[PDB]
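Novice: how would this look folded up:
(4 chains)
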Amino acid sequence: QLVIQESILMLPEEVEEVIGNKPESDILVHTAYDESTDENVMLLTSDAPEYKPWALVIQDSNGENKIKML
Amino acid sequence: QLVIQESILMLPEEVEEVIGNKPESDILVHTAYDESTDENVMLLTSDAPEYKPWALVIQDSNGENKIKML
Amino acid sequence: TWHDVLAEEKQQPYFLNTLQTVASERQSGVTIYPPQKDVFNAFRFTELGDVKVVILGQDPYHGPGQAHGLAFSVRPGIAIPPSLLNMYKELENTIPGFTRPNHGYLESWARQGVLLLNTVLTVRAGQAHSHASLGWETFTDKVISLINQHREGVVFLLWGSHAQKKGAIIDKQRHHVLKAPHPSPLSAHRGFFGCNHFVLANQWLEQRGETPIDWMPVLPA
Amino acid sequence: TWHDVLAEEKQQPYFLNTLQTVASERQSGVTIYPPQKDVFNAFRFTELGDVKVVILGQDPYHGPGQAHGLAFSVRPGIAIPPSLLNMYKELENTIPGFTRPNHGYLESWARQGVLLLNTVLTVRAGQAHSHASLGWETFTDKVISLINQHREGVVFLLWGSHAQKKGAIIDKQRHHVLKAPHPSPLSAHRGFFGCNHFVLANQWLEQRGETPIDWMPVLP
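Specialist: Residues are numbered from 1 along each chain as shown, chains lettered A, B, ... in the order given. There you are, the coordinates:
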């Protein structure tokens, strides 16, 4: 169902800068966009081949982030 | 008249190190030597294409400097 | 001219192996992405000498029918991805000539000298950054060096700490190197959307007299 | 060779436009300096494979008949410029072998592997540093790089924060890189004249068995 459209690799610092918490390794920002509610659903996981969930961040039409640690 | 023989480009720090005052940009050391009195007439101007006068330094046979701000 | 950074690299073991390990995986049963027919599109749509601007991307889209060889670009009907959608926001705002297309096919930019390079050229369906240990980077690193060696005045549009910096030490005064945060929604805001890369990248071309780039997509056949 | 990538550079649009922009200016009415016939003399008098030492200079002399292609070097009768004059004092003192000629013509040094390179190759009569936006720097940058790429054991005599540092990041391991203040009178005294660049440069060249350089000028 939830169709992930892209998966961007980021570094601990780039994610800390947004999340406020620092991931202990590379992060994969998995994004699924929602045409309608105009929402971006993002699943941050560790790098391959584990894909161990790190955080979940929901963002609205004007960039507010609703972060949640997994 | 006053034949300028050479024009050397210097940086703020090199000049401050000599002048005691720091130029806010690149300086052009325009030198005209004097065979006779054994004097080096130097006209310091801003870099191209303005050549706005900055300082005037007169130097004698044994290197003493007679500086004057323009 | 790609019969440069290719003639001997393409014979070198590291790249020779990266190819077959991919080939085997394919026939072995796993569906690997950019169809072996599309793998090299970047170098096709834009030649070494035409490279006016250089945009770095990571690895291909791992979902069905998305990727076709160009970084960021999707096929003529696939949903516009979050980052490409964002690149559009910046564009429709920065370049007043514009309006947005209706698709993510960027081949138009491609034939206008915009090199859309992924640092890793293949990916396993569903598994992001899975082929990141074969040798696509060392080949792709070669490519950048060559652009930096045999070319003058190229604009390197480097987005994200991964592409910019890390995989991008170009001659700062032989080539223009603009940096900024990744267009990704977990990043575009709070720090990216304010840059004027597209306008700046055209601004310095006219400056050199070079013909500028038309960032307005299109849609051939 | 110098047919070492200079072959590619020379076609690059930037080095095509720097030429014509200079050409037009010439026939357009403005007297640009180093007559085209001389513009490349530095590469003529000393070849890539012979480059024993490298002295960096800025732009050519913008007064009549002074410049002829080599940095610092003036023609057989022009007045010895302040900086060359000073270079002479250092030499007159450092090297107990020589005296001083009565001219600033340095081709002698040139044919002995001393590359006298200006970072900018042309200038407009009376307008110092006027052609510093055409593309001579980027060409000249390529040049130093290549010397640093295909060569080993070259002495880079860098004077002035502009030449040394700024336009001079050479592998300080494969090449010898001596630094010091510019010989300009507004600087020579304030911390330059004490260095021994000419003697050291030969000291090295010699330590490798290579034949040293004769810093005593001469006429063709």
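Novice: gap between residue A:36 and residue C:37?
Specialist: Noted for residue A:36: a distance of 36 Å to residue C:37, by Cβ to Cβ, to the nearest Å. Quick note: C-beta positions are derived from backbone N, CA and C, even for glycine.
Novice: between those two, which one's more packed in?
Specialist: residue C:37 (9 against 6; other Cβ atoms under 10 Å in any protein chain shown).
Novice: that one: helix or strand, and which one exactly?
Specialist: Per DSSP states H and E: residue C:37 is located in neither a helix nor a strand.
Novice: what are the ranges of the helices in chain C?
Specialist: Along chain C, counting by DSSP state H, helices occupy C:13-28, C:41-45, C:82-94, C:107-110, C:136-150, C:160-163, C:197-207.
Novice: quick one: the last one to chain centroid distance?
Specialist: If I follow you right, that is helix C:197-207. Here helix C:197-207 is found 18 Å from its chain centre; the criterion is Cα atoms, centre = their mean, to the nearest Å.
Novice: residue numbers of chain C in contact with chain D?
Specialist: Residues of chain C lying near chain D by Cβ under 8 Å from any Cβ of the partner chain: C:150-153, C:173-174, C:208-210.
Novice: swap the cut-off to 10 Å and go again
Specialist: C:49, C:149-153, C:171, C:173-174, C:208-210 (Cβ under 10 Å from any Cβ of the partner chain).
Novice: looking at those residues, which is nearest chain D?
Specialist: Using Cβ to the nearest Cβ, residue C:152 comes nearest to chain D of the residues of chain C next to chain D, at 4.7 Å.
Novice: ok, that closest one - contacts?
Specialist: Residues in contact with residue C:152 (Cβ atoms under 10 Å, 6 or more residues apart in numbering or on different chains) are C:171, C:174-175, C:208, D:8-9, D:12-15, D:135, D:138-139, D:142.
Novice: make CSV from those and add distance to residue B:69 to it.
Specialist: Below are the contacts of residue C:152 laid out as CSV (distance: Cβ to Cβ, whole Å):
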residue, distance to residue B:69
C:171, 39
C:174, 39
C:175, 41
C:208, 39
D:8, 49
D:9, 44
D:12, 44
D:13, 44
D:14, 40
D:15, 41
D:135, 36
D:138, 36
D:139, 38
D:142, 40
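Novice: what's the most distant pair in those?
Specialist: C:208 and D:8 (17.9 Å; Cβ to Cβ).
Novice: hmm, back to that, quick check: which of the helices of chain C is buried the most?
Specialist: Most buried of the helices of chain C, by mean neighbour count (mean count of other Cβ atoms under 10 Å in any protein chain shown): helix C:160-163, with a mean of 23.
Novice: hmm, what's the outermost residue in chain A?
Specialist: In chain A, the residue that sits farthest from the middle, by Cα atoms, centre = their mean, is residue A:36; the gap is 19.5 Å.
Novice: I'd like to know how far that residue sits from residue C:112.
Specialist: Here residue A:36 is placed at a distance of 34 Å from residue C:112 (Cβ to Cβ).
Novice: cool, residue C:84 as well?
Specialist: With Cβ to Cβ as the criterion, residue C:84 and residue C:112 are 17 Å apart.
Novice: cool, residue A:41 as well?
Specialist: Distance from residue A:41 to residue C:112, by Cβ to Cβ: 34 Å.
Novice: residue C:121 now?
Specialist: Look at residue C:121 and residue C:112: by Cβ to Cβ, they are 22 Å apart.
Novice: now swap in residue C:198 and tell me
Specialist: Counting by Cβ to Cβ, the separation of residue C:198 from residue C:112 is 12 Å.
Novice: list the residues that contact both of those two?
Specialist: Between them, residue C:198 and residue C:112 share these contacting residues under Cβ under 10 Å, 6+ apart: C:53, C:213, C:215.
Novice: give me the subset of those residues lying in strands.
Specialist: residue C:53 (DSSP state E).
Novice: export the shared contacts of residue C:198 and residue C:112 to CSV and tack on neighbour count?
Specialist: Listed next are these as CSV, based on neighbours: other Cβ atoms under 10 Å in any protein chain shown:
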residue, neighbour count
C:53, 25
C:213, 18
C:215, 23
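Novice: for the residue of chain C found nearest chain B, give me its contacts.
Specialist: Closest to chain B within chain C is residue C:173: 16.5 Å, counting by Cβ to the nearest Cβ. If you count contacts by Cβ under 10 Å, 6+ apart, residue C:173 has them with D:137-138, D:141, D:167.
Novice: let's see 7 Å
Specialist: Taking Cβ atoms under 7 Å, 6 or more residues apart in numbering or on different chains as the contact definition, residue C:173 lies against residue D:138.
Novice: try residue C:177
Specialist: Residue C:177 touches C:156, C:158, C:170, counting by Cβ under 7 Å, 6+ apart.
Novice: if we use 8 Å, what do you get?
Specialist: C:155-156, C:158, C:168, C:170 (Cβ atoms under 8 Å, 6 or more residues apart in numbering or on different chains).
Novice: what do you get for residue C:33?
Specialist: Counting by Cβ under 8 Å, 6+ apart, residue C:33 makes contact with C:60-62, C:67, C:122-125.
Novice: and with 7 Å instead?
Specialist: Residue C:33 makes contact with C:60, C:62, C:67, C:122-123, C:125 under the criterion Cβ under 7 Å, 6+ apart.
Novice: can you give me the strands in chain A?
Specialist: Remark: strands assigned in chain A by DSSP E are A:6-10, A:27-34, A:39-46, A:53-59, A:65-69.
Novice: residues in contact with the third one?
Specialist: Taking contacts as Cβ under 7 Å, 6+ apart, the residues outside strand A:39-46 that touch it are A:2, A:15, A:25, A:27-34, A:51-60, C:82, C:185-186.
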